[PDB]
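Engineer: Got a structure for you, questions after.
Values in this text are rule-based calculations from the coordinates and carry no lab data. Methodologically, a virtual Cβ is constructed for each residue, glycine included, from the backbone with ideal geometry; neighbour enumeration extends over all protein chains shown.
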Amino acid sequence: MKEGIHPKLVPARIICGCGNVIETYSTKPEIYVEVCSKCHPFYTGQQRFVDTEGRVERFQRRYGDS
Amino acid sequence: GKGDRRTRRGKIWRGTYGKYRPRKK
Amino acid sequence: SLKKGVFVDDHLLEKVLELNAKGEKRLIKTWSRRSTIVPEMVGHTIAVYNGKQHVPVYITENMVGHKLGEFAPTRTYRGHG
Amino acid sequence: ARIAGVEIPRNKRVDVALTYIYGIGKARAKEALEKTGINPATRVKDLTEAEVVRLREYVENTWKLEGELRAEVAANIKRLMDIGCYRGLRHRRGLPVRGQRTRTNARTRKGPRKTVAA
Amino acid sequence: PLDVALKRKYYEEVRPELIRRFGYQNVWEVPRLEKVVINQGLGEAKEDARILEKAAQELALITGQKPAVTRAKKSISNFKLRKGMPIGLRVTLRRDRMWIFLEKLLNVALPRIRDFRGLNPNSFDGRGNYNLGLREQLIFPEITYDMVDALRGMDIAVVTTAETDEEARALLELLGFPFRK
RNA sequence: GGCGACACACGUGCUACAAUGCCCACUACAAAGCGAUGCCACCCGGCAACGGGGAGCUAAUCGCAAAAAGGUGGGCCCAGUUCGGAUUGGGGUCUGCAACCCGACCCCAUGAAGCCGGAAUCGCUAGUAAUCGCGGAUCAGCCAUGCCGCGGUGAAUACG
RNA sequence: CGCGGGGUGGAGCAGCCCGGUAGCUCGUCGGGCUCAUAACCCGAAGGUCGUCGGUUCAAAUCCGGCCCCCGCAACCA
RNA sequence: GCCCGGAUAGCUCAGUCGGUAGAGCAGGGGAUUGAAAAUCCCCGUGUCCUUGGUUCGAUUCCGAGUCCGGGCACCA
RNA sequence: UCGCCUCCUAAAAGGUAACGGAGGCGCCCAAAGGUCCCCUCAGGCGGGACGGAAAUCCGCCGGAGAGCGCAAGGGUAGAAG
Ligand SMILES: [Mg+2]
Ligand SMILES: [Mg+2]
Ligand SMILES: [Mg+2]
Ligand SMILES: [Mg+2]
Ligand SMILES: [Mg+2]
Ligand SMILES: [Mg+2]
Ligand SMILES: [Mg+2]
Ligand SMILES: [Mg+2]
Ligand SMILES: [Mg+2]
Ligand SMILES: [Mg+2]
Ligand SMILES: [Mg+2]
Ligand SMILES: [Mg+2]
Ligand SMILES: [Mg+2]
Ligand SMILES: [Mg+2]
Ligand SMILES: [Mg+2]
Ligand SMILES: [Mg+2]
Ligand SMILES: [Mg+2]
Ligand SMILES: [Mg+2]
Ligand SMILES: [Mg+2]
Ligand SMILES: [Mg+2]
Ligand SMILES: [Mg+2]
Ligand SMILES: [Mg+2]
Ligand SMILES: [Mg+2]
Ligand SMILES: [Mg+2]
Ligand SMILES: [Mg+2]
Ligand SMILES: [Mg+2]
Ligand SMILES: [Mg+2]
Ligand SMILES: [Mg+2]
Ligand SMILES: [Mg+2]
Ligand SMILES: [Mg+2]
Ligand SMILES: [Mg+2]
Ligand SMILES: [Mg+2]
Ligand SMILES: [Mg+2]
Ligand SMILES: [Mg+2]
Ligand SMILES: [Mg+2]
């Protein structure tokens, strides 16, 4: 890397809905991230929270008992 | 507005009652 | 909506429930579009009426609560020009 | 700061700035304010980043929202069409569904006028 | 800076699982990971290289490395384009700096992608490298959303020493690349 | 089944484009009409539509009934918005043998066009015009924003 | 055959020199005014440029062929 | 090559005893119109052909400069 | 039509005619010049947000079909690009 006009890239910290990613090693140390999927909410480390498919399911169940 | 049923003023127009125009005098 | 409810017409409601345990399945002409469809209807072949004629309709699971006259439309369009 | 999907509101109010998310507003909004126990009159500009990950988690978890919500509506209609049902033929032809009248103004559903001769 | 968790993670536990799976006579034959190349094609910036000076500024922030600037190969009419102008920024990162970036991309970026039900698993190029591309820049930690004027995504190239995709898919899987199966 | 069609075109309208304005809370002042096959107080369940229960009245004697604007207070801070609610997704209530075509209503989500409208063109001379709610006729329910009436607050301007 | 001009919305003309965005009058369609039509007013739609090649980054535009159209010429014999 | 003449908002472009920029059909806004057109009231860097230079100061002084006119000229 | 350049006619050296067949020039470039150092094309398939037959990016195959300021020819990547 030519010397000048370049980000420092110094060991970092970082955060989330989870704890730290202590890998770090970035520009601009100590960053705060919204939330991740990995850290396993939201897809990876599959929760399938909030989940769908009721619409074909529904008008079956309630329907002829009501 | 008189057309927004999700308001006080709207329901009054439509003549109806509900969560946005409950009946207690 | 209804709920304390579930209105189907006895006319075919019978003839479908019959074709349940007989073991046989056939093509049934109804004038009742007011009634609801499924689950013991599903897989059967019903001819609904549009006011003009009897129209074949295949039944399936996602046809669930839909009144029989949905799947048999009344007027004719084909664009303007 | 940013709640489900991305959708960053700010300044103004909080009960208000909640609407700016897809799936949320008025009712759903004024609800999550008491149920995370947060002051509705605050401005999302300032509040503890604690209440934020409280509020995010409730809203984002409680009910499905902007990405997955929109795509489910899409998915209902996909099924309302292609089932072959009437309510979905008025989807195919881009025409008004729930009752109403097409001899005169359908415009919102019909698009702008395309005039013709007499 | 030579430590970098994901690199570590490659040697202890990605390589071994990779030998034991495909089986390898030689120490080298097992897939190494070379050269993620980040490229922003920007016609967006065309007559304006003012735009460009911020974009390149922005990539350097995320990569720790500034891009070079690609220039217009030939002249093409139907959308503007004299053969002079800048079309885009492109940066080739390897060796550490690729890892330190790859790490954040796996742990942070893609999580913050709206929806994101996982990476396309058909984008291996058949000789066993994988390209993917992003629709916006603010899914990176280094970007604060108040430093964005306008949204420009990029193309990510990843070149594997793997001779097949079957092999290359494995390497990145075990590395932690989320796939749509 | 259709009269409810939909590339379009015209008349009559309603709701608006917002800060003399919007919303939420509380506090007030009308008239005319209707109803014991009906109006239904008050009690309870439900966010609510409404459902149970149930008292009074052939009705200046009980019920529809809350009048609304207004008022007082606080909230919004000029933003396609706490403007505006069309469209659509989902969930229900009621009438009715039955609400797919074609009912009205309630909740949740969605929130469109629209930032005072070309040429043109309508109404009104005072308790009128604007604006604000209320009743009946028909009627099972209802597409009533219509029609026939009721009072509330209340201008401007006529040289000629 | 010969030399010159042309071929573009429905009609009549621009634009082609000088490459990059096709204009004008009528006509047509929707609205207005009138009892009504006309006139008049407010809006709009509509050409790939005879054709096939070629040149350029790009062709109504520059070049080549052919197809029409008008025009001038065809004398000593 | 010469002599000089014509050099401005969007158009004719009008205005050089040095200190400041202007009108008419235009363009828009307003009355006026049932037709349009007169008439009437308001708003337009146009850094005035270009650059160094001279005094407070320069549409306005000097050297080059740039573009255009009849009129001269010349052309192995 | 008249001078200049390229290709054929031209009969494997040169040259060679016709109111024979076809096309170009009357410029251009202060870098499009000298030198030193590097670099290698078109195209095809596969991959990749906005990217489309085509903008840029990555992989493999690609000996010259690209480029060489403009006509053709000769030439040229072991460079003339
Ligand atoms: Mg509102
Ligand atoms: Mg019911
Ligand atoms: Mg309707
Ligand atoms: Mg593949
Ligand atoms: Mg490879
Ligand atoms: Mg009728
Ligand atoms: Mg209809
Ligand atoms: Mg109306
Ligand atoms: Mg009551
Ligand atoms: Mg209760
Ligand atoms: Mg009751
Ligand atoms: Mg009432
Ligand atoms: Mg708009
Ligand atoms: Mg629904
Ligand atoms: Mg119905
Ligand atoms: Mg119906
Ligand atoms: Mg406004
Ligand atoms: Mg109007
Ligand atoms: Mg009078
Ligand atoms: Mg009424
Ligand atoms: Mg009634
Ligand atoms: Mg009634
Ligand atoms: Mg009503
Ligand atoms: Mg006409
Ligand atoms: Mg061409
Ligand atoms: Mg003679
Ligand atoms: Mg010569
Ligand atoms: Mg040869
Ligand atoms: Mg020879
Ligand atoms: Mg010879
Ligand atoms: Mg290639
Ligand atoms: Mg490709
Ligand atoms: Mg060559
Ligand atoms: Mg050549
Ligand atoms: Mg050659």
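Engineer: To the nearest whole number, what is the average tally of beta carbon atoms from other chains within 10 Å of the beta carbons of peptide A:17-29?
Structural biologist: Partner-chain Cβ atoms within 10 Å, mean over residues of A:17-29: 6.
Engineer: Also, quick follow-up: Of E:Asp48, A:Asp65, how do they rank once you tally other Cβ atoms within 10 Å and put the fewest first?
Structural biologist: Fewest-to-most Cβ neighbours within 10 Å comes out as A:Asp65, E:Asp48.
Engineer: Another question about this same structure. What does the structure give for A:36-45 when I average, per residue, the other chain Cβ atoms found within 10 Å of the residue Cβ?
Structural biologist: Per residue, the average neighbour count from other chains is 5.
Engineer: When we measure straight from the Cα of A:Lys8, which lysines land under 23 angstrom away, once same-chain ones fewer than 8 places off are left out?
Structural biologist: Here the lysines satisfying the reach criterion relative to A:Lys8 are A:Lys28, E:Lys7, E:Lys35, E:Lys54, E:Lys66, E:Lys104.
Engineer: While we're here: Using Cβ contacts closer than 10 Å as the measure, can you line up C:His66, C:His80, C:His11 from fewest to most?
Structural biologist: C:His80, C:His11, C:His66
Engineer: Could you state the angle between the C-alpha long axis of helix D:49-62 and the longest principal axis of the C-alpha atoms of chain D, as a value from 0 to 90 degrees rounded to the nearest 10?
Structural biologist: 40
Engineer: If I measure Cβ to Cβ between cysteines in the protein assembly as shown, which ones have no partner under 4.7 Å?
Structural biologist: Here D:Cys85 come out as lacking a disulfide-compatible partner, given the Cβ-Cβ threshold of under 4.7 Å.
Engineer: Return the loop-located GluC sites (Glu not before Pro) in the stretch C:1-76 (DSSP other than H, G, I, E, B) with at most 10 other Cβ atoms within 10 Å of their own Cβ; answer none if there are none.
Structural biologist: Qualifying residues, ordered by number: C:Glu24.
Engineer: List the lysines whose Cα lies under 16 Å from the Cα of D:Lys35, skipping any in the same chain that are fewer than 8 positions away.
Structural biologist: Leaving aside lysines fewer than 8 places away in the same chain, those within reach of D:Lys35 are D:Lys26.
Engineer: Let me test this: with uniform point scatterers at the alpha carbons of chain E, what is the Debye-based log₁₀ I(q)/I(0) at q = 0.13, 0.15 1/Å?
Structural biologist: -0.73, -0.93
Engineer: Set the Förster distance to 60 Å, then compute FRET efficiency between D:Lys30 and C:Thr74 from the Cβ-Cβ distance, nearest 0.05.
Structural biologist: The formula returns an efficiency of 0.85 here.
Engineer: Given a Förster distance of 51 angstrom, what is the FRET efficiency for E:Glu53 paired with D:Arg101, based on the Cβ-Cβ distance and rounded to 0.05?
Structural biologist: Result of the calculation: an efficiency of 0.35.
Engineer: Something else now. One-quarter of the Cα convex hull surface for chain A, in nm²?
Structural biologist: 8.0
Engineer: Starting from the 7 Å offset along Cα-to-Cβ, what nm value, one decimal, do you get for the label separation of D:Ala71 and A:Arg61?
Structural biologist: Placing both labels 7 Å along Cα→Cβ, they lie 2.3 nm apart.
Engineer: Okay, moving on. Rounded to the nearest 0.05, what FRET efficiency do D:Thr42 and E:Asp125 give with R0 = 56 Å and r taken as the Cβ-Cβ distance? Could you check?
Structural biologist: 0.65
Engineer: Also: Would you mind ranking D:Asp15, E:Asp96 so that the residue whose beta carbon has the fewest other beta carbons within 10 Å leads the list?
Structural biologist: E:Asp96, D:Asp15
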